[PDB]
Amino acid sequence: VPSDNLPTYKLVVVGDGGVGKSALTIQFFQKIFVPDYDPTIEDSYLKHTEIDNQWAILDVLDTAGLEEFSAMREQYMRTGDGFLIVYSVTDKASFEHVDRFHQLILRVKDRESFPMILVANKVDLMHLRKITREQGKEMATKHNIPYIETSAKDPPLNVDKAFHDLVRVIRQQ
């Protein structure tokens, strides 16, 4: 039973197209893996959940990765309290565009630092992996942000932890 007048954390998932932003989000909320690719314009999801024995409302904004679908992306990012920067370990360009999304977050929020976590997705595709764990930790340390590896495919890996850790950053806990 949720408490009354709960805090809402507006989490925004950003990253290049096809990295798995929607699959991670649907896995987090519906606990299923969606194998088909349908490009996102914008979708939002809401749940009440208890993190570290503190109740919270999680409003997750799932944004567009494709440039053709990316109109109004900055407005949806402007409303966020924290960000998941997602890239696919099988997509080299998605890893190289982390710098661009890091800059966009700070620019849209008009701050020098902001809660964000680097998410390396699709680690279940070991034979197709092109970005090493060391490269990811180097990128995260360069931006002074946490690093986590996820997989939206069943059985899911670190999917709930990624969203919960971002809430922990926002709380400063």
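The first residue of the shown sequence is 1; numbering continues from there.
Comparing 111-119 with 124-132, the higher mean C-alpha B-factor in the PDB entry belongs to 124-132. Higher mean CA temperature factor between 134-142 and 35-43: 134-142, per the PDB entry. Ranking 101, 76, 95, 83 by Cα temperature factor from the entry places 95 first.
The PDB entry assigns residue 71 a C-alpha temperature factor belonging to the lowest third of its chain's modelled residues.
Among the modelled residues of its chain, residue 28 has a C-alpha B-factor that falls in the lowest third, as given in the PDB entry. Ranked by C-alpha B-factor against the other modelled residues of its chain, residue 153 falls in the highest third. In the deposited entry, the Cα temperature factor of residue 166 sits in the bottom third of values across the chain's modelled residues.
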